[PDB]
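S.K.: Below is the structure I would like to discuss, written out as structure tokens.
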There are 2 protein chains.
Amino acid sequence: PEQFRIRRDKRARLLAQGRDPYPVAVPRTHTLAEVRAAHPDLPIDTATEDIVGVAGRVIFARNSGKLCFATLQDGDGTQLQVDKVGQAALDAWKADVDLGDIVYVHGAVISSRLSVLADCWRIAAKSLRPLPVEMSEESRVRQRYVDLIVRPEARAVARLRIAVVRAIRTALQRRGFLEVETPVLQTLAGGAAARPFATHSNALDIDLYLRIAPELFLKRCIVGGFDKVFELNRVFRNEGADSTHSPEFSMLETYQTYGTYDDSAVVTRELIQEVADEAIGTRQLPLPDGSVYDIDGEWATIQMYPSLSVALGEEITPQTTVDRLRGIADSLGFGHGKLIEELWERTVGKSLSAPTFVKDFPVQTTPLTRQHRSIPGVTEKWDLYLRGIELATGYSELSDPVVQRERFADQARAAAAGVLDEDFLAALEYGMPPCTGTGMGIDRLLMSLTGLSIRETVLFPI
Amino acid sequence: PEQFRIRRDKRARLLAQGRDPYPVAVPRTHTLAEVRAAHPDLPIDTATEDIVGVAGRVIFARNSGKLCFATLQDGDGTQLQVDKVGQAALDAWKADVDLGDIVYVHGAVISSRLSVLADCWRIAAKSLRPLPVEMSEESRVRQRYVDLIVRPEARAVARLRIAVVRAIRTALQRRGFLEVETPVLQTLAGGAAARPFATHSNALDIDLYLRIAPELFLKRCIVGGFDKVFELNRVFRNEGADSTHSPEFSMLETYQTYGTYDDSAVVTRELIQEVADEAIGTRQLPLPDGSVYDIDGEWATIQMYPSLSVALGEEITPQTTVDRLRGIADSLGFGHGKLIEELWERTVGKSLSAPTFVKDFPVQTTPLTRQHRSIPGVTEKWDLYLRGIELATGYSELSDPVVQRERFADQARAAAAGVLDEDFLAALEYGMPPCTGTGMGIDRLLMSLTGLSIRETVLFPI
Ligand SMILES: CCOc1nc(N)nc2c1C(=O)N([C@@H]1CCCC[C@@H]1O)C2
Ligand SMILES: CCOc1nc(N)nc2c1C(=O)N([C@@H]1CCCC[C@@H]1O)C2
Ligand SMILES: N[C@@H](CCCC[NH3+])C(=O)O
Ligand SMILES: N[C@@H](CCCC[NH3+])C(=O)O
């Protein structure tokens, strides 16, 4: 609290002295990593004539006499510690240097009874705030910058999420997918059931809506002649937060002409497995529960109605009235579809461990997905539940316009108190070849793979 | 207008007949491209026993007698045209098929006095809207889906923008950069001078601000130990539209520890050149003006004050009063910095052809960029003007906090009528190693490379 001020003192009396604590440039030559990787086994307490210039953060100090010792930590986490040139050197070192301070050092590299000793040295930046040694998982998230410095785990994760996301891109691109960019500000926001964030434009004297999802535009792409498209990026759903939900988040969507939810469920499996392999290296996923979640080999596929039927010891179908459902609903603790999914989730959903697609969903609650090819009353959507998390949905995509138009009229009357995406429908009545969309949640993906909270999967939330 | 209805008729009387015009699946085996690429020179009017199943869009028809002919166009643009099985076949073909209709065909492939002839065939989708044969550059943008189908140029561009953006990622990643993701909804929006879009959260009973730029968060990353970071993605600036300006757009930012605006100007050059090469294949850039813009080899670097001095036949410096500037301003047609840039742009800026960085900018108007190392009164920012477009800016980055804090107080009093990013400043007073940010505009990048309007560079604007 106090030593805040002391650090400011130390800054001032380096300006007026004309030494620079925020130098433009400082001729670093190697990363601590690069040093390590060059010099694995050096005979301890022998020397080598590799001059280098390295920068780092002083995190351990042990100042004593003619000689000070200190740990330098590259930002990536790597570590290298530190007669030679000048006593004034030592006095500045002793008097000027605190911890959390960024420091360049020149010199040759040696083994300690692996450090370096100084031709030159200089401050690259003066911290006017000492690093704390514990911090609340909440304070942590509010100051990720410190987290990242002091807490290793923050580092690896941040890097992982990145590694994963590269993995995804690598994979889709290997399969001949083209990443596209579609609007975020939209005249009306479609592609999912969520309340949008609305904002005012000065330029058009109108409101605008942050995209809850890209599907409608991504579809317009397929129309326009895209074989295979994805768009990995952020969506905004104006609603509550919870372990699995957060109002802005990063989402994959995917679309493949000439293929069905059967095929896309396959891709989605391989996709996820490739990711694990690229970014983690095992399909036997370690967890803070000491446990290991296996995701290798093949994954089960069950139907919603069937699997639910077995669960309630009773046949349930598209046919089953609301009253029956409602009643069964009560026996345990709006409309048909909503009840089926509720019941399904509430019974079969919860119970699952290993990786499982469910498929064949109540039409009532899947207006964008095609009617099932043989079975009446249902659509060709899957969900994919992975270690007990709804991670992804695939669809055989509703290409028919008039069906689709109807699909909305019903949805629309649903919340009336007395406007459709006419352009989207225009799009469809130009032709849209058969295709299967997926959607996947990137935090849930990591969460599902790791057991980390949604608050740890991303750099900066609130 | 009328033939709208006829197409709907044709749809209905295929449902009630139990044939399907929006089939879930249709067993395509090859893309028209794949066919072509397999069968270059086939002896014309000879045959081959490669059965395949291909889909396409019927765009040319010539129905006549026992035999109909029609061009099929893959979405990517490729083309293949089309006794065998059944007369009913021909009757459906004649009666059922219109243009813009998506069509699967099975059979073996042959050379025409390169088409295919039909084992099987089926509709994959029925267009209830005929393609128009011209359309306004505005109507075009409002229905990109049609544009893409009927207008080749729409295609290539869409693909280019994608190719470019992959190029960028390829390049940065080759140089050891890590793409990150930072908030879009921000408690206050910083990183540039623009009015934000504001939106209400239901959850927090508060307003929120769409990011005008990532710099502040991207900086917090560098603090946290990122060596090299970028973030390619969308920003929102709540302001006018014009040939170079649009309220939501896609932007690269970049940050490199231990390097200066000198270095980043180098990267930015190589980056741009690599892109051209990957996505275009020449640095001698063809244009609708018949002309060619050369971007190869090295590019000029001039200083703002100097270059302006020469322009007005008079010495201008940090020192030059507002009154003088204002006066010179009048001689041709707020504050110091604003005048210098205005004058510079208005005189030297306009005059440039070949690719040129300007550097050494008035501090007044660059609060985030470090003070120049030797020269007083200026900062270490460059702009990069490419074929007469402001495409990119680099900075040697202001790491000092107290300076930075001050920088804002001045900015803030500037628009007072009587709140700073305290967290950002907190971040900085933990330490931020010397580094150089860039920012680049993706549409301007393409615009600069091609001569295409900002309205053609993106898929869906308004
Ligand atoms: C990380 C928080 O993720 C989400 N937050 C909200 N608020 N809503 C959704 C997710 C998420 O991951 N979603 C996915 C969307 C595609 C299908 C799987 C899943 O529903 C919805
Ligand atoms: C395609 C429209 O681009 C822009 N629109 C607005 N409204 N503002 C800017 C751009 C753009 O490309 N910008 C760039 C930002 C980084 C530095 C170069 C350039 O200023 C600002
Ligand atoms: N739009 C879906 C994702 C794609 C589903 C397949 N078309 C969602 O928001 O969940
Ligand atoms: N934030 C800048 C781009 C990065 C400049 C370098 N720090 C802008 O909005 O133009």
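Ligands are numbered from 1 in the order shown, chains are lettered A, B, ... in the order of the structure tokens, and residues start at 1 in each chain.
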Would you list the residues that come within 6 Å of ligand 2? Count only C-alpha atoms and all ligand atoms and give the answer as a list in words.
M.R.: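 The residues near ligand 2 are residues 237, 244, 245, 246, 247, 249, 390, 391, 392, 393, 439, 440, 441, 443, 444 and 454 of chain B.
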S.K.: Check every residue of chain B for an atom within 7 Å of chain A, counting only C-alpha atoms, and provide those that qualify as a short mmCIF file (atom, residue, chain, number, x, y, z; two decimals) with N, CA and C atoms, in the first residue's frame.
M.R.:
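Output (out29.cif):
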```
data_model
loop_
_atom_site.label_atom_id
_atom_site.label_comp_id
_atom_site.auth_asym_id
_atom_site.auth_seq_id
_atom_site.Cartn_x
_atom_site.Cartn_y
_atom_site.Cartn_z
N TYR B 22 -36.83 -30.89 -51.78
CA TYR B 22 -35.85 -30.44 -50.80
C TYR B 22 -35.31 -31.67 -50.09
N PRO B 23 -34.78 -32.66 -50.84
CA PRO B 23 -34.26 -33.91 -50.27
C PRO B 23 -33.17 -33.68 -49.23
N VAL B 24 -33.20 -34.50 -48.17
CA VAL B 24 -32.24 -34.43 -47.08
C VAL B 24 -30.83 -34.63 -47.63
N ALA B 25 -30.70 -35.63 -48.51
CA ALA B 25 -29.41 -36.11 -48.98
C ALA B 25 -29.54 -36.53 -50.43
N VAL B 26 -28.43 -36.43 -51.16
CA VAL B 26 -28.40 -36.74 -52.58
C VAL B 26 -26.97 -37.11 -52.91
N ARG B 28 -23.99 -37.11 -54.08
CA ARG B 28 -22.95 -36.50 -54.89
C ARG B 28 -21.62 -37.20 -54.60
N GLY B 75 -21.17 -24.08 -57.29
CA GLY B 75 -21.28 -22.79 -56.62
C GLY B 75 -20.00 -21.97 -56.79
N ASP B 76 -18.87 -22.69 -56.90
CA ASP B 76 -17.56 -22.09 -57.04
C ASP B 76 -17.40 -21.47 -58.43
N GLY B 100 -31.96 -21.77 -62.25
CA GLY B 100 -31.64 -21.44 -60.88
C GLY B 100 -31.93 -22.63 -59.96
N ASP B 101 -32.40 -23.73 -60.56
CA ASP B 101 -32.77 -24.93 -59.83
C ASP B 101 -31.53 -25.78 -59.61
N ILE B 102 -31.43 -26.34 -58.40
CA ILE B 102 -30.29 -27.17 -58.03
C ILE B 102 -30.63 -28.62 -58.39
N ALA B 124 -32.53 -31.20 -56.22
CA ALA B 124 -31.98 -30.99 -54.89
C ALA B 124 -32.64 -29.78 -54.24
N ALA B 125 -33.10 -28.84 -55.07
CA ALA B 125 -33.89 -27.72 -54.59
C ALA B 125 -34.50 -26.96 -55.76
N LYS B 126 -35.73 -26.48 -55.53
CA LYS B 126 -36.51 -25.75 -56.51
C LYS B 126 -36.46 -24.26 -56.18
N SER B 127 -35.95 -23.45 -57.11
CA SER B 127 -35.93 -22.01 -56.95
C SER B 127 -37.32 -21.46 -57.28
N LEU B 128 -37.87 -20.69 -56.34
CA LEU B 128 -39.15 -20.02 -56.53
C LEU B 128 -38.88 -18.55 -56.87
N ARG B 129 -37.70 -18.30 -57.45
CA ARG B 129 -37.28 -16.98 -57.87
C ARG B 129 -36.25 -17.13 -58.97
N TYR B 145 -26.07 -12.93 -52.12
CA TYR B 145 -26.34 -14.31 -52.48
C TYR B 145 -26.60 -14.45 -53.98
N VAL B 146 -27.30 -13.50 -54.61
CA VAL B 146 -27.59 -13.56 -56.04
C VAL B 146 -26.35 -13.13 -56.81
N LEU B 148 -23.40 -13.36 -56.03
CA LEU B 148 -22.39 -14.40 -56.01
C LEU B 148 -22.69 -15.46 -57.07
N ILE B 149 -23.97 -15.66 -57.35
CA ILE B 149 -24.37 -16.72 -58.26
C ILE B 149 -24.16 -16.27 -59.70
N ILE B 162 -10.81 -13.72 -48.24
CA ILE B 162 -10.55 -14.91 -47.45
C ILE B 162 -9.10 -15.34 -47.60
N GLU B 179 -2.61 -15.50 -31.96
CA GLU B 179 -3.86 -14.77 -32.09
C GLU B 179 -4.58 -14.88 -30.76
N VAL B 180 -5.09 -13.76 -30.24
CA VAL B 180 -5.82 -13.77 -28.99
C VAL B 180 -7.23 -13.25 -29.25
N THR B 182 -10.10 -10.80 -27.21
CA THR B 182 -10.32 -9.86 -26.13
C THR B 182 -11.73 -9.28 -26.23
N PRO B 183 -12.27 -8.70 -25.14
CA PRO B 183 -13.69 -8.36 -25.07
C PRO B 183 -14.12 -7.47 -26.22
N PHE B 197 -20.65 2.62 -29.94
CA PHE B 197 -22.00 2.13 -29.80
C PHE B 197 -22.22 1.65 -28.37
N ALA B 198 -23.35 2.08 -27.79
CA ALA B 198 -23.70 1.72 -26.43
C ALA B 198 -24.97 0.88 -26.44
N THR B 199 -25.00 -0.09 -25.53
CA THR B 199 -26.08 -1.04 -25.44
C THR B 199 -26.37 -1.27 -23.96
N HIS B 200 -27.58 -1.74 -23.68
CA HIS B 200 -28.02 -1.98 -22.32
C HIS B 200 -27.91 -3.48 -22.06
N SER B 201 -27.39 -3.83 -20.88
CA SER B 201 -27.48 -5.19 -20.36
C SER B 201 -28.69 -5.31 -19.44
N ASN B 202 -29.46 -6.39 -19.61
CA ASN B 202 -30.56 -6.67 -18.70
C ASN B 202 -29.96 -7.15 -17.38
N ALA B 203 -28.88 -7.93 -17.48
CA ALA B 203 -28.32 -8.66 -16.35
C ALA B 203 -27.68 -7.73 -15.32
N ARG B 220 -2.58 -5.20 -22.05
CA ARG B 220 -2.69 -5.97 -20.82
C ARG B 220 -2.14 -7.39 -21.01
N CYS B 221 -2.18 -7.89 -22.25
CA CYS B 221 -1.61 -9.19 -22.60
C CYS B 221 -0.09 -9.17 -22.54
N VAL B 223 1.78 -7.02 -20.94
CA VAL B 223 2.04 -6.96 -19.51
C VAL B 223 2.15 -8.40 -19.01
N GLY B 224 1.09 -9.18 -19.25
CA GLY B 224 0.92 -10.51 -18.67
C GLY B 224 1.95 -11.53 -19.15
N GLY B 225 2.72 -11.18 -20.19
CA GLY B 225 3.90 -11.96 -20.55
C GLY B 225 3.85 -12.44 -22.00
N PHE B 226 2.90 -11.91 -22.77
CA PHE B 226 2.90 -12.17 -24.19
C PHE B 226 4.07 -11.42 -24.80
N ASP B 227 4.92 -12.21 -25.46
CA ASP B 227 5.90 -11.72 -26.41
C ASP B 227 5.14 -11.10 -27.59
N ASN B 238 -18.72 4.61 -33.95
CA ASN B 238 -20.11 4.98 -34.10
C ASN B 238 -20.17 6.35 -34.75
N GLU B 239 -20.13 6.35 -36.08
CA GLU B 239 -19.75 7.52 -36.85
C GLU B 239 -20.10 7.26 -38.31
N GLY B 240 -19.74 8.22 -39.18
CA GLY B 240 -20.23 8.26 -40.54
C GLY B 240 -19.63 7.18 -41.44
N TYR B 258 10.22 -5.80 -27.36
CA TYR B 258 11.61 -5.57 -27.76
C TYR B 258 11.69 -5.32 -29.26
N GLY B 259 11.20 -4.14 -29.65
CA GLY B 259 11.20 -3.66 -31.02
C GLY B 259 10.55 -2.28 -31.06
N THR B 260 10.79 -1.53 -32.14
CA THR B 260 10.36 -0.14 -32.22
C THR B 260 9.54 0.03 -33.49
N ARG B 373 12.60 9.40 -29.16
CA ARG B 373 13.77 9.14 -28.35
C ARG B 373 14.70 10.35 -28.28
N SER B 396 5.99 3.01 -31.46
CA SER B 396 6.74 2.62 -30.28
C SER B 396 5.85 2.99 -29.10
N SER B 399 5.04 2.98 -22.72
CA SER B 399 4.99 2.12 -21.55
C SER B 399 4.85 2.91 -20.23
N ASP B 400 5.37 4.14 -20.12
CA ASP B 400 5.31 4.87 -18.86
C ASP B 400 3.87 5.13 -18.43
N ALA B 427 -2.74 -1.58 -14.93
CA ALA B 427 -2.03 -2.57 -15.72
C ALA B 427 -0.61 -2.10 -15.99
N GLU B 429 1.16 0.23 -14.52
CA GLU B 429 2.04 0.40 -13.38
C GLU B 429 2.41 -0.95 -12.77
N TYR B 430 2.23 -2.05 -13.51
CA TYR B 430 2.81 -3.32 -13.10
C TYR B 430 4.07 -3.60 -13.90
N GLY B 431 4.23 -2.89 -15.03
CA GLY B 431 5.36 -3.09 -15.92
C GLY B 431 4.88 -3.50 -17.30
N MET B 432 5.42 -2.87 -18.34
CA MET B 432 5.13 -3.29 -19.70
C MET B 432 6.39 -3.13 -20.54
N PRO B 433 7.01 -4.24 -20.99
CA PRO B 433 8.30 -4.14 -21.65
C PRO B 433 8.12 -3.33 -22.93
N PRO B 434 9.23 -2.76 -23.45
CA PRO B 434 9.16 -1.93 -24.65
C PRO B 434 8.59 -2.75 -25.80
N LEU B 459 -18.66 -9.14 -47.54
CA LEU B 459 -19.82 -9.88 -47.99
C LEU B 459 -21.11 -9.09 -47.77
N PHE B 460 -21.41 -8.77 -46.50
CA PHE B 460 -22.70 -8.18 -46.15
C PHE B 460 -22.46 -6.91 -45.35
#
```
S.K.: List all protein, DNA and RNA residues that have an atom no more than 6 Å from any atom of ligand 3, counting only C-alpha atoms and all ligand atoms, and report them as number ranges by chain.
M.R.: A: 191-192, 213, 215, 253, 393-395, 437-439
S.K.: Need to verify the contact set: residue 80 in chain B, 10 Å, only C-alpha atoms, exclusion of same-chain residues closer than 2 positions in sequence. Can you return it as a list in words?
M.R.: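 Contacts, with the query itself left out: residues 32, 33, 35, 36, 54, 55, 56, 57, 58, 70, 71, 72, 73, 74, 78, 82, 109, 114, 115 and 116 of chain B.
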S.K.: Kindly save the residues from that selection, with N, CA, C and O atoms included, as a PDB file, in the first residue's frame.
M.R.:
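What ended up in selection_4.pdb:
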```
ATOM      1  N   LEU B  32     -17.816 -30.341 -59.758  1.00  0.00           N
ATOM      2  CA  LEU B  32     -17.609 -30.145 -61.185  1.00  0.00           C
ATOM      3  C   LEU B  32     -16.123 -29.899 -61.437  1.00  0.00           C
ATOM      4  O   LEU B  32     -15.556 -30.427 -62.390  1.00  0.00           O
ATOM      5  N   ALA B  33     -15.512 -29.103 -60.553  1.00  0.00           N
ATOM      6  CA  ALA B  33     -14.076 -28.877 -60.539  1.00  0.00           C
ATOM      7  C   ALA B  33     -13.301 -30.194 -60.621  1.00  0.00           C
ATOM      8  O   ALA B  33     -12.429 -30.345 -61.479  1.00  0.00           O
ATOM      9  N   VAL B  35     -14.188 -33.118 -61.535  1.00  0.00           N
ATOM     10  CA  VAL B  35     -14.406 -33.755 -62.824  1.00  0.00           C
ATOM     11  C   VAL B  35     -13.433 -33.169 -63.844  1.00  0.00           C
ATOM     12  O   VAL B  35     -12.639 -33.902 -64.436  1.00  0.00           O
ATOM     13  N   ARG B  36     -13.527 -31.845 -64.045  1.00  0.00           N
ATOM     14  CA  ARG B  36     -12.658 -31.110 -64.951  1.00  0.00           C
ATOM     15  C   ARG B  36     -11.205 -31.512 -64.728  1.00  0.00           C
ATOM     16  O   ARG B  36     -10.534 -31.943 -65.663  1.00  0.00           O
ATOM     17  N   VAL B  54     -22.856 -35.879 -59.758  1.00  0.00           N
ATOM     18  CA  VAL B  54     -22.484 -34.488 -59.601  1.00  0.00           C
ATOM     19  C   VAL B  54     -23.751 -33.670 -59.430  1.00  0.00           C
ATOM     20  O   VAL B  54     -24.787 -33.994 -60.002  1.00  0.00           O
ATOM     21  N   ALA B  55     -23.623 -32.592 -58.658  1.00  0.00           N
ATOM     22  CA  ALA B  55     -24.703 -31.642 -58.484  1.00  0.00           C
ATOM     23  C   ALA B  55     -24.269 -30.296 -59.040  1.00  0.00           C
ATOM     24  O   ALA B  55     -23.084 -30.058 -59.257  1.00  0.00           O
ATOM     25  N   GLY B  56     -25.256 -29.431 -59.245  1.00  0.00           N
ATOM     26  CA  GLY B  56     -25.017 -28.146 -59.861  1.00  0.00           C
ATOM     27  C   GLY B  56     -26.299 -27.332 -59.942  1.00  0.00           C
ATOM     28  O   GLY B  56     -27.354 -27.754 -59.469  1.00  0.00           O
ATOM     29  N   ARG B  57     -26.163 -26.153 -60.546  1.00  0.00           N
ATOM     30  CA  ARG B  57     -27.263 -25.235 -60.750  1.00  0.00           C
ATOM     31  C   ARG B  57     -27.493 -25.134 -62.254  1.00  0.00           C
ATOM     32  O   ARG B  57     -26.556 -24.871 -63.005  1.00  0.00           O
ATOM     33  N   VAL B  58     -28.727 -25.387 -62.690  1.00  0.00           N
ATOM     34  CA  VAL B  58     -29.043 -25.288 -64.105  1.00  0.00           C
ATOM     35  C   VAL B  58     -29.264 -23.810 -64.415  1.00  0.00           C
ATOM     36  O   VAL B  58     -30.141 -23.168 -63.834  1.00  0.00           O
ATOM     37  N   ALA B  70     -28.369 -28.605 -70.870  1.00  0.00           N
ATOM     38  CA  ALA B  70     -28.348 -27.557 -69.863  1.00  0.00           C
ATOM     39  C   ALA B  70     -26.986 -27.443 -69.190  1.00  0.00           C
ATOM     40  O   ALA B  70     -26.337 -28.448 -68.912  1.00  0.00           O
ATOM     41  N   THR B  71     -26.589 -26.199 -68.897  1.00  0.00           N
ATOM     42  CA  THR B  71     -25.342 -25.922 -68.202  1.00  0.00           C
ATOM     43  C   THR B  71     -25.568 -26.071 -66.704  1.00  0.00           C
ATOM     44  O   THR B  71     -26.517 -25.511 -66.157  1.00  0.00           O
ATOM     45  N   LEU B  72     -24.673 -26.822 -66.058  1.00  0.00           N
ATOM     46  CA  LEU B  72     -24.637 -26.899 -64.610  1.00  0.00           C
ATOM     47  C   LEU B  72     -23.433 -26.098 -64.135  1.00  0.00           C
ATOM     48  O   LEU B  72     -22.360 -26.191 -64.727  1.00  0.00           O
ATOM     49  N   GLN B  73     -23.653 -25.307 -63.080  1.00  0.00           N
ATOM     50  CA  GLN B  73     -22.631 -24.462 -62.487  1.00  0.00           C
ATOM     51  C   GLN B  73     -22.501 -24.798 -61.003  1.00  0.00           C
ATOM     52  O   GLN B  73     -23.408 -24.515 -60.223  1.00  0.00           O
ATOM     53  N   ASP B  74     -21.363 -25.401 -60.630  1.00  0.00           N
ATOM     54  CA  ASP B  74     -20.972 -25.553 -59.235  1.00  0.00           C
ATOM     55  C   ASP B  74     -21.079 -24.162 -58.614  1.00  0.00           C
ATOM     56  O   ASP B  74     -21.074 -23.162 -59.332  1.00  0.00           O
ATOM     57  N   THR B  78     -17.621 -23.309 -61.484  1.00  0.00           N
ATOM     58  CA  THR B  78     -17.166 -24.217 -62.521  1.00  0.00           C
ATOM     59  C   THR B  78     -18.387 -24.729 -63.262  1.00  0.00           C
ATOM     60  O   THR B  78     -19.499 -24.683 -62.743  1.00  0.00           O
ATOM     61  N   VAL B  82     -25.106 -30.805 -69.431  1.00  0.00           N
ATOM     62  CA  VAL B  82     -25.739 -32.114 -69.469  1.00  0.00           C
ATOM     63  C   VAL B  82     -26.632 -32.174 -70.721  1.00  0.00           C
ATOM     64  O   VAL B  82     -27.071 -31.081 -71.159  1.00  0.00           O
ATOM     65  N   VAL B 109     -19.228 -39.814 -67.980  1.00  0.00           N
ATOM     66  CA  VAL B 109     -18.826 -38.503 -68.459  1.00  0.00           C
ATOM     67  C   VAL B 109     -18.284 -38.616 -69.883  1.00  0.00           C
ATOM     68  O   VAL B 109     -17.570 -39.566 -70.202  1.00  0.00           O
ATOM     69  N   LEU B 114     -17.601 -30.850 -72.707  1.00  0.00           N
ATOM     70  CA  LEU B 114     -17.593 -31.824 -71.580  1.00  0.00           C
ATOM     71  C   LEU B 114     -18.910 -31.710 -70.818  1.00  0.00           C
ATOM     72  O   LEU B 114     -19.147 -30.737 -70.101  1.00  0.00           O
ATOM     73  N   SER B 115     -19.761 -32.722 -71.000  1.00  0.00           N
ATOM     74  CA  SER B 115     -21.043 -32.802 -70.328  1.00  0.00           C
ATOM     75  C   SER B 115     -21.116 -34.142 -69.601  1.00  0.00           C
ATOM     76  O   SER B 115     -20.099 -34.822 -69.467  1.00  0.00           O
ATOM     77  N   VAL B 116     -22.314 -34.508 -69.125  1.00  0.00           N
ATOM     78  CA  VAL B 116     -22.566 -35.838 -68.590  1.00  0.00           C
ATOM     79  C   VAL B 116     -23.966 -36.274 -69.022  1.00  0.00           C
ATOM     80  O   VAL B 116     -24.806 -35.427 -69.332  1.00  0.00           O
TER      81      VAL B 116
END
```
S.K.: Report the residues of range 84-268 of chain B whose backbone DSSP state falls under alpha helix (DSSP H), written as a ChimeraX atom specification.
M.R.: /B:88-96,137-142,144-150,152-174,215-224,261-268
S.K.: Distance CA of residue 137 in chain A-CA of residue 153 in chain A, one decimal place?
M.R.: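 Answer for the CA of residue 137 in chain A to CA of residue 153 in chain A separation: 12.2 Å.
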S.K.: Return as an MDAnalysis selection string the full set of residues in range 176-297 of chain B whose backbone-based DSSP assignment is strand (DSSP E or B).
M.R.: chainID B and resid 178:179 185:186 198:201 206:210 228:230 233:236 242 245 248:257 284:286 292:294
